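Novice: output the structure for:
(8 chains, ligands or ions: 11)
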Amino acid sequence: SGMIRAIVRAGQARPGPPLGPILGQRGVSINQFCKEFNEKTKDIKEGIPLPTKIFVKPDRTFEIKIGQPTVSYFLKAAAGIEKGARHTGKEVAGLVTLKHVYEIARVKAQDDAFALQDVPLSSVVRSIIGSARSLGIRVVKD
Amino acid sequence: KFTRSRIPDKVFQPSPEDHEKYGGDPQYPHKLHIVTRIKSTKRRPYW
Amino acid sequence: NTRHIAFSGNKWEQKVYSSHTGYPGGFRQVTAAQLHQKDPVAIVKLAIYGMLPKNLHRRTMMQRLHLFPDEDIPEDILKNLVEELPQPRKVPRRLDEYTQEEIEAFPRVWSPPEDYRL
Amino acid sequence: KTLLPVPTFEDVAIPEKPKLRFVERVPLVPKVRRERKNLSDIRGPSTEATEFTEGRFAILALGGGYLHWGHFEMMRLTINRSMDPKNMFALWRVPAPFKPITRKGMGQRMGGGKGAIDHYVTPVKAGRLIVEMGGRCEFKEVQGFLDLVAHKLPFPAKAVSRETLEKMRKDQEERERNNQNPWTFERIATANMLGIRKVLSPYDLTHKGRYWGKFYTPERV
Amino acid sequence: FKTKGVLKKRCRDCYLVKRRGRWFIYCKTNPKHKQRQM
Amino acid sequence: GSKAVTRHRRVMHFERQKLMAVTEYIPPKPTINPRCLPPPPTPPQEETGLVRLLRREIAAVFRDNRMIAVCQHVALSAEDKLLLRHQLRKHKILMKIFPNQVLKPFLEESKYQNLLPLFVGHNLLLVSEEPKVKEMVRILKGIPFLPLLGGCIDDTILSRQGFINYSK
RNA sequence: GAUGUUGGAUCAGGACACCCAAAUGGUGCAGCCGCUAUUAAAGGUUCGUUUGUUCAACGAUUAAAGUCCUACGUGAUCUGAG
RNA sequence: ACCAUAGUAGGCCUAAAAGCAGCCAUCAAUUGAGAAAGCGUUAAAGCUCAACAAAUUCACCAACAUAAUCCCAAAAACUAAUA
Ligand SMILES: [Mg+2]
Ligand SMILES: [Mg+2]
Ligand SMILES: [Mg+2]
Ligand SMILES: [Mg+2]
Ligand SMILES: [Mg+2]
Ligand SMILES: [Mg+2]
Ligand SMILES: [Mg+2]
Ligand SMILES: [Mg+2]
Ligand SMILES: [Mg+2]
Ligand SMILES: [Mg+2]
Ligand SMILES: [Zn+2]
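Specialist: Numbers count the residues shown, from 1 in each chain, chains lettered A, B, ... in the order given. Ligands and ions are numbered 1, 2, ... in the order given. You can find the structure just below:
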C-alpha cells in the first residue's frame, strides 16, 4: 500500500516519531521493526545514520532494505564538522580531500539506487562532490 | 474659430504623371482658363 | 402550389407575424414556421398584401388574387387561364438528379489515398 | 527534438528600491487657486514619456485619460505583489497628481461661483508609458500580470516591450505607404478640399484625423 | 451554471463546447465550474 | 453644446462622417495568393553539434557492436528496466537508445538499409560486444512480451529464427 | 383668456428587474429545511389596531401577502382627513 | 499523445519543513528526466507539468441582461452600373 523512506541513526530506533506517525499510519507493527532494524543497524558502531527503505504490504506487514548512510553525513564526518553552513557557497563549512570523495563514493557504491547503475567510480565521485557542494563543504585536490 | 485657411505650396507642385493624366503639355503652360461654377455659394463664408 | 414556398436563410425560424385583437392582452406573435403550418395560404398572401400601394384600390386588386395550397384548381379557373409566368428563382438540382453522363463528365478534383477508410 | 539557445541577461542590473514608491493623495504644496480645466491636455498625441529609458517593459496608453489617486493605488499594490523583487524592478513614468478638480455640493443652482477642491488628477495623453518595468524576466511574465493593471485603467491600455512597440510602429507607417486608395485624411484636410476645413477643427490638421476628442484609433492610417 | 461575460477554464478538465448557439464550459470533475456565455 | 473633449464619444457632423468613410485604409490586394502559389524557396536545415555527435556516435556504434540486435522498446516499470539493465551488466551485454529522427536517415544512406522497416516502430538498440547469442536470448526468454527483431551481425541482416540458430 | 394639485374608494391596462404556483443547473446539497443562478407573465398576490398619511411598527393568517409604470392611473365617477 | 528511476526527505531552520512555510544553494547518475511550475499532505503518501523516446501541426490574441397601449413598409443574394 506504500513505500516509506526514513533516514535512521545506527543504534537508535524507537517506538515514536518519525517511526510511529509514518509506519503506524499504514497499520504496521512498530516493535518488530524496532528490534529487527536495530538487529542489523546496532551492528554499525561507526555511528553512521542510514537511509532505509520500508515497503509495507496490503495486509499491513512489511519488509526493509538497508542502504548506505547519507552522503551528507559522510561529509559531516569526513570534514569533521557539526552541521552544514547556513548559507551554502556564500559560507564554507568544512574541508575534504580527493581521498575523502574516493572513500565516501566507494562506500556508497552499493546503494539500492547505485547498484543498478554501472557507472564507474569517477561518476559516483561527482555525485559525492555535488552532495558536498550543497552542504557548503569544499573539496581540495592535490 | 473658423478662418480663411491656407494652401501650402506643395499642393500646387505637379508630378510628372499629372501631365500624362490630365493631358497638359509639360513644355508650355496654357493661356486661358474656362471656369464654370459647379456648386452653390450658400452655406459658405462671405469672402 | 403555395404550400411549397422556400425561405432564404434562417427566416423560417426568426420572421414573426404579429397581430392584435384589440382586447387587452390580445397581442399575438407567431413564427413563420407556425403561421405556415396553420394557414398554407397566409405567408404569400401577407407578402403580396404589403407590396401593393396603400390606397383603397389595394382591397379591390387584393380580390383578384387566387391562392391554392397544392395544385388543385376548379375547372372554372383552369379553363380561363391565358399565360404561364416564368419562375423567378432557379431551383438547384439535388445529387440524384444528374445524368450519369454529367457526373462522369465532371473532374474528380483530388486523389484519395487507399489506406484511408471511407 | 530540437534545442534552441536560451536568451540570457548578463547586463541586467537590479537597482535598490526595486518596488514602486507611494504617491501622496494631496500635493505637499497644495494649489490655493482653482484652475480652469483644460480638456486640451488630454487631447491628441503625446510628447513626453514616449520613449523607454532603463526598462524593457511598460504599460502603454491607447487613449487619453485622467489618472486620479485610486488608480495609482491599484497599479502600485498590484504590480508590487505580482513581481519577483529579485529579478524585477518598476518605475513611475507619470507624476503624482498635480491638477485640482472641483465640485459643488448636491442641490446647487447654477452660478454663484466656482466650487471647491475635491480631487487631484494627472492628465495622460494617448501614446505615453505609465509604468516602466525593467528586469531579467521574459516579456511573458510582465505581460501576464501587466494586462490586469492595463485592463483596469480609465483609458484603453496595452502591455508592451521595445520589440513589440517598434514592430507595431513600423507596421503603422507600412500601412500609410501601402494605402491603396488615393485619398488620405492628410491630403484633403491640408488642401482644404470640398471646403472640408469648415467641419474640421484647427487641431485636426495636426492629429491628421487619427485622434478624435479623448479617444485614439490605431487603425486610422 | 452561471451566466458570464467571459468564459475561462478553471482546471485542466474543463472542456469548452458550443450548444444552442452559445458557449458553455462543461466539467465532469467538478460541477461548480459550469458556465454559460451570454 | 458639447465640449471639445467628452467621454460619450461625440457624434460627428455628417459631412465629416462621409469624410471618414472615404479615407479608410484599403489593403494591398495580391494578384494570386501566396499559399496557392507554388512551393516557397528552400530553407535547408543544417547540422548542429547534436546532429554531428549523433552521426559520429552512431557511426562508431556499428564499429564496436559485433552483434547489433533490434529489440522493440516496450513499457516496463523502472524496476523491470533497471533489473534488466543489471542482468545485461552481468553478462556484460550493453543496451543503448537513439532518436528515430537522427537514426533513420543515417541507415537510409548505404549499408544497413534492411533495418528500415524495423525502425518505424518503437526501437531499442541492443549492443553486443564479443557476444554469445544464447546469453542475449536468455533474458528475452524470461520476459515474454519483450520481442527481438534482430538486425545486423558482422554486416549481415539477420532475424529471430536466425538468432535461434546462432545461439544453438 | 386655469393642463384643478396628497392619500383612500371603485375599476384596473401594461413591464419583468418573479413574491407565489411550474420546469430545472450549483452548493460549504445525505434527507428536511435552505442559500444562490437559469427559463417561464394565463392566473393570483388577505383581514385588522395607531396615524390624513403612502412608508413604518404591531396582531392574526395565507401558496404568496412582489418591485414598478400608467399626468406620483383613475375627482365632467366618488371622498377632502390632509 | 505518451510517459515518468537516481544522491536526496541538498543544507539551514523548524512540531514536523521532505520539489512544493520561508531563507541559501543550484550541484551532480542515467540517454533522457527542475535540488521543481501546478494542486495535494500535519509531515509524509499521492496526482499532473516540464526530459527523452513515438510522432504529426492547423491555430491562438475570442465574446457582454432589460420597461411599462401593440412588432413596426412589404420584401430580397444576380441577366452586366461610372447606370
Ligand atoms: Mg479600460
Ligand atoms: Mg383655452
Ligand atoms: Mg391588473
Ligand atoms: Mg427572467
Ligand atoms: Mg399580473
Ligand atoms: Mg394622480
Ligand atoms: Mg387623487
Ligand atoms: Mg377626469
Ligand atoms: Mg517521494
Ligand atoms: Mg541532466
Ligand atoms: Zn474544471
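
Novice: surely residue C:1 meets residue C:73?
Specialist: No. Using Cβ atoms under 8 Å as the test, residue C:1 is too far from residue C:73 to be in contact (10.4 Å). (C-beta placed from N, C-alpha, C; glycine too.)

Novice: show me where chain A has strands.
Specialist: With strands called from DSSP state E, chain A shows them at A:2-8, A:50-56, A:62-66, A:94-97, A:137-140.

Novice: again, but for chain C
Specialist: Under the criterion DSSP E, chain C contains strands at C:16-20, C:27-31.

Novice: in the first one, which residues are buried?
Specialist: Using 16 or more other Cβ atoms under 10 Å in any protein chain shown as the test for burial, strand C:16-20 gives no buried residues.

Novice: and that strand, what does it pack onto?
Specialist: strand C:27-31, helix C:32-38 (3 or more Cβ pairs under 8 Å, 6 or more residues apart in numbering or on different chains; DSSP states H and E).

Novice: which strands or helices does the last one pack on?
Specialist: Which is helix C:32-38. Where contact means 3+ Cβ pairs under 8 Å, 6+ apart, helix C:32-38 is packed against helix C:11-14, strand C:16-20, helix C:42-49.

Novice: ok, residues contacting it?
Specialist: With contacts defined as Cβ atoms under 8 Å, 6 or more residues apart in numbering or on different chains, helix C:32-38 is touched by C:3, C:5, C:7, C:11-17, C:30, C:42-43.

Novice: can you tell which of the strands of chain A is closest to chain D?
Specialist: Chain D sits nearest to strand A:137-140 of all those, at 26.1 Å, using Cβ to the nearest Cβ.

Novice: partner strands of the closest one, with direction?
Specialist: Applying DSSP bridges, strand A:137-140 is found paired with strand A:94-97 (parallel).

Novice: right, is the partner strand up against RNA strand H?
Specialist: No. Against RNA strand H, strand A:94-97 shows no contacts by Cβ under 7 Å from any atom of the strand, the least distance being 10.3 Å.

Novice: ok, and for that strand, which residues are buried?
Specialist: For strand A:94-97, by 16+ other Cβ under 10 Å, it's A:94, A:96.

Novice: what does chain A put close to chain F?
Specialist: A:115, A:116, A:118 (Cβ under 8 Å from any Cβ of the partner chain).

Novice: near RNA strand G at all, stretch E:23-30?
Specialist: Yes. Stretch E:23-30 reaches RNA strand G (Cβ under 7 Å from any atom of the strand) through residue E:30.

Novice: that stretch near ligand 11 anywhere?
Specialist: Yes. Stretch E:23-30 comes into contact with ligand 11 (Cβ under 5 Å from the ion), by way of residue E:27.

Novice: distance from that stretch to the middle of the chain?
Specialist: The chain centre lies 5 Å from the centre of stretch E:23-30; the measure is Cα atoms, centre = their mean, to the nearest Å.

Novice: stretch E:7-18 now?
Specialist: Relative to its parent chain, stretch E:7-18 has a centroid offset of 5 Å by Cα atoms, centre = their mean.

Novice: is it anywhere near ligand 11?
Specialist: Yes. Stretch E:7-18 reaches ligand 11 (Cβ under 5 Å from the ion) through E:10, E:11, E:13, E:14.

Novice: end to end on that stretch, go ahead and measure it.
Specialist: Counting by Cα to Cα, to the nearest Å, you get 12 Å between the two ends of stretch E:7-18.

Novice: identify the residues contacting residue 19.
Specialist: In the absence of a named chain, this looks at chain A. A:6, A:8, A:13, A:30, A:33, A:34 are the contacts of residue A:19 under Cβ under 8 Å, 6+ apart.

Novice: next one: it relative to ligand 11, how far apart?
Specialist: For residue A:19, the distance to ligand 11 (Cβ to the ion, to the nearest Å) stands at 40 Å.

Novice: list phi and psi for the residue nearest the centre of chain F.
Specialist: The centroid of chain F falls nearest to residue F:101 when counting by Cα atoms, centre = their mean (3.4 Å). With angles defined as degrees, to the nearest 10, residue F:101 sits at phi -60, psi -40.

Novice: out of the residues of stretch E:7-18 next to ligand 11, which end up buried?
Specialist: Buried among the residues of stretch E:7-18 next to ligand 11 by 16+ other Cβ under 10 Å: residue E:14.

Novice: from the residues of stretch E:7-18 next to ligand 11, which is closest to chain D?
Specialist: Among the residues of stretch E:7-18 next to ligand 11, and counting by Cβ to the nearest Cβ, the member closest to chain D is residue E:10, at 17.4 Å.

Novice: hmm, the closest one is touching residue E:29, no?
Specialist: No. Contact criterion Cβ under 8 Å: residue E:10 and residue E:29 do not qualify, at 9.9 Å.

Novice: for chain D, which residue gets nearest to chain A?
Specialist: Going by Cβ to the nearest Cβ, chain A is nearest to residue D:86 of chain D, at 15.1 Å.

Novice: which SSE is the nearest residue to that residue once chain neighbours are set aside in?
Specialist: Leaving out its chain neighbours, the residue that sits closest to residue D:86 by Cβ to Cβ, 6 or more residues apart in numbering or on different chains is residue D:14, at 7.1 Å. Using DSSP states H and E, residue D:14 is not contained in any helix or strand.

Novice: and residue D:14, how close does it get to ligand 11?
Specialist: Counting by Cβ to the ion, the separation of residue D:14 from ligand 11 is 38 Å.
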